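Below is one structure, written out as structure tokens; the observations come after it.
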Amino acid sequence: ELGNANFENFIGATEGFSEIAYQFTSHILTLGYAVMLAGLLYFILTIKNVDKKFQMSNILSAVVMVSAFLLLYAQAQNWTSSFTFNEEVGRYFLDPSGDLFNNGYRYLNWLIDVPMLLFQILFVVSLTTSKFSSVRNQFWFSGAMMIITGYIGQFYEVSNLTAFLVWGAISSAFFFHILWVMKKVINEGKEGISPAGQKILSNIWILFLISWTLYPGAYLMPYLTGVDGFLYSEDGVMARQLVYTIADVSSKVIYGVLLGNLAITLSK
Amino acid sequence: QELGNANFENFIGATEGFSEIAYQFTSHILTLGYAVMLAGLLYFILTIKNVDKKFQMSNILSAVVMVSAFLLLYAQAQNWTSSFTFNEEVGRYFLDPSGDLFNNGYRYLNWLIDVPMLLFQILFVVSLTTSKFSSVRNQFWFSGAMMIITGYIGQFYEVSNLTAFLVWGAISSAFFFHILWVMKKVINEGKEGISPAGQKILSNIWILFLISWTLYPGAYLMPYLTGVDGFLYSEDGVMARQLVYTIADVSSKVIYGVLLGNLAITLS
Amino acid sequence: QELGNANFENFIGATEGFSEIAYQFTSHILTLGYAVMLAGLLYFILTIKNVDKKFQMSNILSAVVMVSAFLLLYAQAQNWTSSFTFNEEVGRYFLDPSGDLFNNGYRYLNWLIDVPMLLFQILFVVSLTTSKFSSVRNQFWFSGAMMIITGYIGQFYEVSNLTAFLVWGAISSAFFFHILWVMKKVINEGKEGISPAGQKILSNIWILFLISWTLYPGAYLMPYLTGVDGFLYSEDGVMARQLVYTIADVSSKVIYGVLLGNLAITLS
Amino acid sequence: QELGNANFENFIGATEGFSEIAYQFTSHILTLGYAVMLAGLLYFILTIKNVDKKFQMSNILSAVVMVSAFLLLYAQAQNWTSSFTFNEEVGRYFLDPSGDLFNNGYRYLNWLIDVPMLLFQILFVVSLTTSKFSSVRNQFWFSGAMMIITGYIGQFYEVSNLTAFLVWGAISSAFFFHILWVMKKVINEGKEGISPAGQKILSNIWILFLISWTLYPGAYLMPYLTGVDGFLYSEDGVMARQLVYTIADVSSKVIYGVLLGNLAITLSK
Amino acid sequence: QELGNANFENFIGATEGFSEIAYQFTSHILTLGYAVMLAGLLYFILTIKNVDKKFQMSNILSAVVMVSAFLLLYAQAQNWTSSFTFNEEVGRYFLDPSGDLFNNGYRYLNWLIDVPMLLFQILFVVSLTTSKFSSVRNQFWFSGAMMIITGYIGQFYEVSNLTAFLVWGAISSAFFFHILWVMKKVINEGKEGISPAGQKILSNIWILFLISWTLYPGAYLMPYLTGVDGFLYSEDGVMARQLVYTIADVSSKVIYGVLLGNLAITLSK
Ligand SMILES: *C/C=C(C)/C=C/C=C(C)/C=C/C1=C(C)CCCC1(C)C
Ligand SMILES: *C/C=C(C)/C=C/C=C(C)/C=C/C1=C(C)CCCC1(C)C
Ligand SMILES: *C/C=C(C)/C=C/C=C(C)/C=C/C1=C(C)CCCC1(C)C
Ligand SMILES: *C/C=C(C)/C=C/C=C(C)/C=C/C1=C(C)CCCC1(C)C
Ligand SMILES: CCCCCCCCCCCCCCCCCCCC
Ligand code: NA
Ligand code: NA
Ligand code: NA
Ligand code: NA
Ligand code: NA
């Protein structure tokens, strides 16, 4: 009787995880939080490389990094404490004394990362039609609604598939609003800067789109091959956490590095 | 089973147990709390040289608070996960005494750091007119100490003795109202003789102070706000209490320090 | 149930056990202690550039002390929670030998850092007149070392051998009085030739030093301050001992360093 | 008992067990590794202002690597101590499955930080002549990623499937040789137009790079370097593997960064 | 309970066990050690700008040793408390194998950081006259490595094979005497051409070096300094060994760095 639990727990409590699956999930989470701490150091040590009016961006990047390290460190431990080896079969099964594994740790902490990540670009690009405050408030409201609806939804990814999908769609609405506003921001920021900055901004747009789209992909991962599909297995757990790590790295570290390069180019 | 003078979370977890949603949400919200606290430390450290020297003390005090907050919430997070263990037969988290009983007093005593410093730092940005700096500081510190100590005594009896619970709560509320009075005086005097932007910032600071500080007696009273054997005397009440604690912590510490720093910038 | 040369906390916890209030309060007070120490470390680092170069050593030494203090009070906190475990049948925390016996001598040996450095740092702010710097330093260090070592030997027999307890305590008290004499000389010489404000600060420093340092033999004698089988030979005595330890730690380290820094500012 | 696609440390520890020397030495060497990494982090941060601004990026990248290394090695240290428990009846440490199986893959994925950055940072000290900066960088990054991923896949089968082990190892060795080729090109171009002292430093850097990076496939092959049922298919092989890992880590990260910093110093004005 | 090539602390704790005073004191002394190391790290970082630039390297290298030391002592502290558990029936702490056996080798390998760096940093303050910098450095590093490695091999047999114990100890003592010789030469050359105050500081540094470094073979021999089945082959010997280790660590690292910094200040303009 698992109740409103994530599907990792069902897979681990029925079939269990082979050595490769368990060890790979642990390794990918470890790499995630290591990347986050290294990026924190990188952003702190490069603050004076940009003009003062851009250093805020750097700071915010650092801020984000802090949150992520702590989460992906906790989450990491969580994984290894939720599943233990059974010598009789050679697989890792759910160990209830280490609690049920839950991805929600990431959702609430996005309440830090999503606003901040949306906010810092407004310290590097210059708006030509929109108001700074209006864009900021839209970003924050839509991100909060998206995160909260998705966080409520993921609790029912096995118990109540209907609620899962409904909350996912209600979240995707705010996601589309965020995407529209961000495209507006980047198009307005391209105006009046050298072609190098425009190239950096187009790269930022592409990276933003892909890496941010990766997250609902991980949301739906156990069902992307339908019920009782190839992805509703330990392969799906591996894929979920791998996509999470890729999207984390891209949307945080690489995004901050491209913002820093843009700030360097715009600096005098 | 005999629990003695323990918080109502322990009683709920020993009788009904917690569902996956309740337990996981409480853990996530405490994790988010301490993550927010360490990211603000960096923020407040990294933005020290953004204000005139005379205001920088505020920043320092903010950082101090952050440290305290982080540590406490980190500890508190761990304590939660160690006090409740999954029971597979029914699929619910029950009290685990080998991990010690859960107690909110960890917050209360640590407020002995937070409450004075928070009340102290505003006196490094605004300039008093008819009030005396040392008088305001001593009143703040004495009233805060009394409030914290009386509430800390009272919360131990939230289940074992409702009468002492309420009596200590009222005794604490007296000092709380005194603090609100002195703070209103301080804000009104600080408004005198400053720019309109600083006046708007001070108004926002007063509103934030009022709401976020009132949230704490709300969390104190949470299990009984729907009466004896009411709806909030459940795992829903535990979730609500920790959520209110986290919202109040973030608002009264991080956002309060950020608004104070904005005020310091406009005055520079 | 033979405990040997163990502290009286272990005897109380092995015979009567601790109630929820007693155990939780001891844990909270130790947690507050180490939080205060880390916050003080941050404060003393951040306020280094507030005084002239010649005084900055004081800050550094303060920070040094903080480090030591933090680590021990963090360790000691852990030790408390690991040494006593909840018994559900009666609802009380009893001695848990798998977590090791509780011992307060961790503090003693760590005073081998604190006592010299604290006594040393005042010699970087005040200017001696008739006394020799190196003589004062050597007297401070030797007397402090002897005091700490003799008290550390004595505290192991606070239950198993009252005679050794009291004899070693008196041997320590001799060196304590020597330290008090030398400190009075140092403060009186430092008052000479400075402004009245610095003299008032020095008087406050002397009062604080006296009270806060006298608090330590008080915690040493705590279980017997009401006689054998007295009121304090209970969990109440355990609470009182750890509370006195925390008050003395905060006063003699953090507030002492803050007053020294204020003096350094007035002398700058 | 069934272990599946697990490293050979688990098989040795589950069948023969480890003596006190083997277990204690492995723990000590991993501890020394992560201690060295943290000390190097401190060093590279503290010596940033010792070189001209244009070279300071190198320092930063070193520090970045250090962080990764420290964290990873720290975890791995814990993992060792969690996988093997003393049995008083025989006097040997045996596999403890409640602590998870021991796996070297923690290193491999973390090389996804180490290998690019290490290859990247030298491009902030030396000046290329005929090669394009971005071309060299992209080649380094792609070849390193492929090498790491293929070796990481291969090492899971070092006991359960020797054929896949060797095939993935060879596929990885291809990209390793490409990396060596590009690095030799970089060193030859960097020697041009700098003082003889900097050229000597570059020669030492090339020798160190070659040896220290070649040490890693050696640790990959360690249990079989004396054949099946050989001398190295024992606790001696486990000790040798972790010792080679630690020596290669120190040499290829800390000493590499120190030599790069000395080169940057001689090039500074 | 067969323990094999294990340190004598495990034998004492497995046969007689430790009393409350002995166990608590060993734990306190290790805790004090790592606390001292972290505080010294803070001190050496915060006092960097107190000396001329050319001397600041000393400061840096001191903090590197403080990092290493800190980590090791922290680990060792944990290890002690994890290896011995209270038995309520008799009131003594006995060996607990689930926490691993206690081993001092953690220190030894970490000396591979401490011993070279400590010997290196003095060469950033004093100026040699007749000796060559690189020759002194190479001699220091080689002799220190050999000393550490031979003693590390030997200490595993302090109970199981006293003969190998003593043979490895003597082989190590040879390199120790070589180090003392080179250090005496270095101090004599550094005294030349500096003010009398710096010469007095150098004399004090030499005395400190001699005593604090000689303390380590003392801890090596501690259980047998009173003969076979002597007084020191007891829990008293365990306390004495760890206390000597802590005193030697503090003296040879923190106080050594402080005296070096004082010398650097007196040499500073
Ligand atoms: C960061 C923490 C802050 C600002 C804490 C503030 C605490 C209070 C306003 C305490 C309030 C209390 C009462 C008014 C009544 C009941 C008891 C208390 C202690 C919760
Ligand atoms: C930060 C720690 C400080 C300032 C410690 C001070 C310690 C003392 C004043 C020690 C006092 C002792 C006695 C005078 C008698 C009994 C034994 C002692 C060691 C507790
Ligand atoms: C700090 C870590 C570094 C520099 C890692 C370097 C890694 C390699 C040179 C990897 C080599 C591999 C092969 C050449 C063959 C077998 C598989 C590998 C992954 C071990
Ligand atoms: C911080 C650590 C230091 C300075 C360590 C120094 C180590 C030694 C002087 C080692 C000495 C040894 C011998 C002289 C003989 C026996 C074996 C050793 C390794 C303990
Ligand atoms: C130039 C520096 C002069 C230093 C002055 C004296 C400071 C060192 C004092 C060391 C005290 C050591 C006391 C330990 C003695 C052994 C105790 C056994 C129990 C009585
Ligand atoms: Na596990
Ligand atoms: Na739990
Ligand atoms: Na406990
Ligand atoms: Na183990
Ligand atoms: Na223990």
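All residue names refer to the structure tokens as shown: chains lettered A, B, ... in order, residues numbered from 1 in each chain, ligands numbered from 1 in order.
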Exercise for review: Using only C-alpha atoms, determine which residues of chain B fall within 12 Å of chain A; present them as a PyMOL selection string.
Suggested key: chain B and resi 18-50+70+74+77-78+80-94+96+99+243+246+250
Point to revise | Nearby polymer residues, ligand 10, at most 7 Å, only C-alpha atoms and all ligand atoms, as a list in words | key: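 Those within range of ligand 10 are residues 98, 99 and 100 of chain C; 81, 82, 83, 84, 85 and 86 of chain E.
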Exercise for review: Hey, list the chain D side of the contact with chain A: 10 Å cut-off, only C-alpha atoms, answer as a VMD selection string.
Suggested key: chain D and resid 1 to 7 45 48 53 56 to 57 59 to 61 63 to 72 75 96 to 113 152 to 153 156 to 157
Practice item. Can you work out which one of E:120, E:114, E:247, E:168 has the shortest atom-to-atom distance to ligand 5, counting only C-alpha atoms and all ligand atoms? Key: E:247
Review point. Quick one: DSSP strand (DSSP E or B) residues in stretch 73-192 of chain D, as a list in words?
Key: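 DSSP on the backbone gives strand (DSSP E or B) at residues 84, 85, 86, 87, 92, 93, 94 and 95 of chain D.
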Keeping N, CA, C and O atoms, export the residues of the selection given above as a PDB file, in the first residue's frame.
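out-v2.pdb written:
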ATOM      1  N   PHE D  84      32.150  -2.743   3.202  1.00  0.00           N
ATOM      2  CA  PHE D  84      32.873  -3.888   3.739  1.00  0.00           C
ATOM      3  C   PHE D  84      32.971  -3.793   5.252  1.00  0.00           C
ATOM      4  O   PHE D  84      33.372  -2.758   5.794  1.00  0.00           O
ATOM      5  N   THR D  85      32.608  -4.883   5.923  1.00  0.00           N
ATOM      6  CA  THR D  85      32.485  -4.924   7.372  1.00  0.00           C
ATOM      7  C   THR D  85      33.325  -6.069   7.921  1.00  0.00           C
ATOM      8  O   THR D  85      33.432  -7.129   7.296  1.00  0.00           O
ATOM      9  N   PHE D  86      33.939  -5.831   9.078  1.00  0.00           N
ATOM     10  CA  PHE D  86      34.833  -6.800   9.698  1.00  0.00           C
ATOM     11  C   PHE D  86      34.055  -8.005  10.217  1.00  0.00           C
ATOM     12  O   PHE D  86      33.033  -7.854  10.895  1.00  0.00           O
ATOM     13  N   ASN D  87      34.591  -9.203   9.942  1.00  0.00           N
ATOM     14  CA  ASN D  87      34.025 -10.460  10.495  1.00  0.00           C
ATOM     15  C   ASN D  87      35.038 -10.970  11.516  1.00  0.00           C
ATOM     16  O   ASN D  87      36.127 -11.390  11.099  1.00  0.00           O
ATOM     17  N   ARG D  92      38.643 -10.691   8.753  1.00  0.00           N
ATOM     18  CA  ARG D  92      38.704 -10.107   7.421  1.00  0.00           C
ATOM     19  C   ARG D  92      37.426  -9.330   7.148  1.00  0.00           C
ATOM     20  O   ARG D  92      36.372  -9.618   7.717  1.00  0.00           O
ATOM     21  N   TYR D  93      37.536  -8.323   6.289  1.00  0.00           N
ATOM     22  CA  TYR D  93      36.392  -7.511   5.900  1.00  0.00           C
ATOM     23  C   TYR D  93      35.692  -8.153   4.711  1.00  0.00           C
ATOM     24  O   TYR D  93      36.323  -8.428   3.686  1.00  0.00           O
ATOM     25  N   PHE D  94      34.393  -8.390   4.848  1.00  0.00           N
ATOM     26  CA  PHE D  94      33.602  -8.965   3.772  1.00  0.00           C
ATOM     27  C   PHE D  94      32.571  -7.965   3.271  1.00  0.00           C
ATOM     28  O   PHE D  94      32.263  -6.967   3.931  1.00  0.00           O
ATOM     29  N   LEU D  95      32.043  -8.255   2.083  1.00  0.00           N
ATOM     30  CA  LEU D  95      31.017  -7.418   1.479  1.00  0.00           C
ATOM     31  C   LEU D  95      29.825  -7.268   2.415  1.00  0.00           C
ATOM     32  O   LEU D  95      29.358  -8.238   3.019  1.00  0.00           O
TER      33      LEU D  95
END
Practice item. Mind checking which residues fall within 12 Å of stretch 222-231 of chain E, counting only C-alpha atoms, ignoring those fewer than 2 positions away in the same chain, and posting them as a VMD selection string? Key: chain E and resid 7 to 9 11 to 12 155 158 to 159 162 165 to 166 215 to 220 233 to 245
Practice item. Check every residue of chain B for an atom within 7 Å of chain C, counting only C-alpha atoms, and provide those that qualify as a ChimeraX atom specification. Key: /B:1-6,60,64,67-68,71,97-98,100,105-106,109-110
Per-residue nearest contacts of chain D to ligand 3 (6 Å; only C-alpha atoms and all ligand atoms) as a Markdown table:
| residue | atom | partner | partner_atom_place_in_ligand_line | distance |
| --- | --- | --- | --- | --- |
| D:111 | CA | ligand 3 | 2 (C) | 5.5 |
| D:114 | CA | ligand 3 | 1 (C) | 5.2 |
| D:115 | CA | ligand 3 | 4 (C) | 5.3 |
| D:147 | CA | ligand 3 | 19 (C) | 5.7 |
| D:148 | CA | ligand 3 | 19 (C) | 4.8 |
| D:151 | CA | ligand 3 | 19 (C) | 3.7 |
| D:169 | CA | ligand 3 | 16 (C) | 4.3 |
| D:172 | CA | ligand 3 | 15 (C) | 4.9 |
| D:173 | CA | ligand 3 | 14 (C) | 4.2 |
| D:176 | CA | ligand 3 | 14 (C) | 5.0 |
| D:213 | CA | ligand 3 | 9 (C) | 4.3 |
| D:214 | CA | ligand 3 | 9 (C) | 5.9 |
| D:216 | CA | ligand 3 | 20 (C) | 4.9 |
| D:217 | CA | ligand 3 | 20 (C) | 4.3 |
| D:220 | CA | ligand 3 | 20 (C) | 5.1 |
| D:249 | CA | ligand 3 | 1 (C) | 5.1 |
| D:252 | CA | ligand 3 | 4 (C) | 5.3 |
| D:253 | CA | ligand 3 | 1 (C) | 5.6 |
Practice item. Would you list the contacts of residue B:140 as a PyMOL selection string, taking every protein, DNA or RNA residue within 7 Å and counting only C-alpha atoms, but skipping same-chain residues closer than 5 positions in sequence? Key: chain B and resi 116+119+179
**Study point:** Interatomic distance, atom CA of residue B:178 to atom CA of residue B:156 (Å, one decimal)
**Key:**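 It comes out at 23.9 Å.
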Point to revise | Protein and nucleic acid residues within 7 Å of ligand 5 (only C-alpha atoms and all ligand atoms) as JSON, numbers by chain | key: {"C": [138, 139, 141, 142, 145, 146, 149, 150]}
Practice item. Assign secondary structure with DSSP using the backbone only, and return the residues of stretch 184-225 of chain E in alpha helix (DSSP H) as a ChimeraX atom specification. Key: /E:184-191,196-221
Please produce an output containing N, CA, C and O atoms for each residue in the selection, written as a short mmCIF file (atom, residue, chain, number, x, y, z; two decimals), in the first residue's frame.
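Listed below is the output, again.cif:
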data_model
loop_
_atom_site.label_atom_id
_atom_site.label_comp_id
_atom_site.auth_asym_id
_atom_site.auth_seq_id
_atom_site.Cartn_x
_atom_site.Cartn_y
_atom_site.Cartn_z
N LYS E 184 69.16 21.41 9.81
CA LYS E 184 70.17 22.15 10.55
C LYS E 184 71.01 23.02 9.62
O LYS E 184 71.26 24.20 9.92
N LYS E 185 71.43 22.47 8.48
CA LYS E 185 72.15 23.28 7.50
C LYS E 185 71.31 24.47 7.04
O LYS E 185 71.82 25.60 6.93
N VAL E 186 70.04 24.23 6.73
CA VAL E 186 69.17 25.30 6.24
C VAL E 186 69.05 26.41 7.27
O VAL E 186 69.10 27.60 6.94
N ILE E 187 68.89 26.04 8.55
CA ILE E 187 68.74 27.05 9.59
C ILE E 187 70.03 27.86 9.73
O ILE E 187 70.00 29.10 9.84
N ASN E 188 71.18 27.18 9.70
CA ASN E 188 72.45 27.89 9.82
C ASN E 188 72.65 28.87 8.67
O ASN E 188 73.10 30.01 8.88
N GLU E 189 72.31 28.46 7.44
CA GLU E 189 72.46 29.37 6.31
C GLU E 189 71.45 30.51 6.36
O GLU E 189 71.77 31.64 5.99
N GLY E 190 70.23 30.24 6.83
CA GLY E 190 69.24 31.29 6.93
C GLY E 190 69.58 32.34 7.97
O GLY E 190 69.18 33.50 7.83
N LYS E 191 70.30 31.94 9.02
CA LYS E 191 70.72 32.92 10.02
C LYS E 191 71.66 33.98 9.43
O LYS E 191 71.68 35.12 9.91
N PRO E 196 69.74 40.25 14.41
CA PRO E 196 69.79 39.31 15.55
C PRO E 196 68.42 38.78 15.96
O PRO E 196 68.34 37.64 16.43
N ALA E 197 67.36 39.57 15.80
CA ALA E 197 66.03 39.10 16.17
C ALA E 197 65.61 37.91 15.31
O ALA E 197 65.11 36.89 15.82
N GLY E 198 65.81 38.01 13.99
CA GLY E 198 65.53 36.89 13.12
C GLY E 198 66.38 35.68 13.42
O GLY E 198 65.92 34.54 13.29
N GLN E 199 67.63 35.90 13.84
CA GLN E 199 68.50 34.78 14.21
C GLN E 199 67.97 34.07 15.45
O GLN E 199 67.98 32.83 15.51
N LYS E 200 67.52 34.83 16.45
CA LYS E 200 66.91 34.22 17.63
C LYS E 200 65.65 33.44 17.27
O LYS E 200 65.43 32.32 17.76
N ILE E 201 64.81 34.01 16.40
CA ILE E 201 63.61 33.31 15.96
C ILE E 201 63.98 32.01 15.25
O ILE E 201 63.33 30.98 15.44
N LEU E 202 65.03 32.04 14.43
CA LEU E 202 65.46 30.83 13.73
C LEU E 202 65.97 29.77 14.70
O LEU E 202 65.74 28.57 14.50
N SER E 203 66.69 30.19 15.75
CA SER E 203 67.14 29.24 16.76
C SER E 203 65.95 28.57 17.44
O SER E 203 65.92 27.34 17.63
N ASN E 204 64.95 29.38 17.81
CA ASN E 204 63.74 28.82 18.41
C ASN E 204 63.03 27.87 17.45
O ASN E 204 62.53 26.81 17.86
N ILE E 205 62.99 28.22 16.16
CA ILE E 205 62.36 27.36 15.16
C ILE E 205 63.09 26.03 15.07
O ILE E 205 62.46 24.97 14.94
N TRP E 206 64.42 26.06 15.14
CA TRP E 206 65.18 24.81 15.08
C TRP E 206 64.89 23.93 16.29
O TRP E 206 64.70 22.71 16.15
N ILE E 207 64.85 24.52 17.49
CA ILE E 207 64.55 23.73 18.69
C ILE E 207 63.16 23.11 18.58
O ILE E 207 62.95 21.92 18.88
N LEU E 208 62.18 23.92 18.16
CA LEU E 208 60.81 23.44 18.00
C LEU E 208 60.75 22.29 17.00
O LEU E 208 60.13 21.26 17.26
N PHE E 209 61.37 22.48 15.83
CA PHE E 209 61.44 21.43 14.82
C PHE E 209 61.98 20.14 15.41
O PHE E 209 61.35 19.08 15.29
N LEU E 210 63.14 20.22 16.07
CA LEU E 210 63.78 19.03 16.61
C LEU E 210 62.84 18.28 17.56
O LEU E 210 62.54 17.10 17.35
N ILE E 211 62.35 18.97 18.60
CA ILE E 211 61.55 18.28 19.61
C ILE E 211 60.26 17.74 19.01
O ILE E 211 59.92 16.56 19.18
N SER E 212 59.52 18.59 18.29
CA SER E 212 58.20 18.20 17.80
C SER E 212 58.30 17.07 16.79
O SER E 212 57.44 16.18 16.76
N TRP E 213 59.35 17.06 15.96
CA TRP E 213 59.48 15.99 14.98
C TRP E 213 59.95 14.70 15.64
O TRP E 213 59.53 13.61 15.23
N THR E 214 60.83 14.80 16.65
CA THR E 214 61.24 13.60 17.37
C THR E 214 60.08 12.96 18.12
O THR E 214 60.09 11.75 18.38
N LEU E 215 59.06 13.76 18.47
CA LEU E 215 57.90 13.19 19.17
C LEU E 215 57.20 12.10 18.36
O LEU E 215 56.55 11.22 18.94
N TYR E 216 57.32 12.12 17.02
CA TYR E 216 56.58 11.14 16.22
C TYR E 216 57.13 9.72 16.34
O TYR E 216 56.33 8.79 16.54
N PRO E 217 58.44 9.47 16.20
CA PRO E 217 58.93 8.12 16.51
C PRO E 217 58.65 7.70 17.94
O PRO E 217 58.52 6.50 18.23
N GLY E 218 58.52 8.66 18.85
CA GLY E 218 58.10 8.34 20.21
C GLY E 218 56.71 7.73 20.24
O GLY E 218 56.48 6.71 20.90
N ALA E 219 55.76 8.34 19.53
CA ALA E 219 54.43 7.76 19.41
C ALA E 219 54.46 6.43 18.67
O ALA E 219 53.66 5.54 18.96
N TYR E 220 55.38 6.29 17.71
CA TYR E 220 55.57 5.01 17.03
C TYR E 220 55.93 3.91 18.01
O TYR E 220 55.36 2.80 17.97
N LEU E 221 56.87 4.19 18.91
CA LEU E 221 57.36 3.19 19.86
C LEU E 221 56.55 3.10 21.15
O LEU E 221 56.79 2.18 21.94
#
Practice item. Could the residues of chain D within 9 Å of chain E, counting only C-alpha atoms, be given as a ChimeraX atom specification, please? Key: /D:19-21,24-25,27-29,31-32,35-36,38-40,42-43,46-47,81,84-93
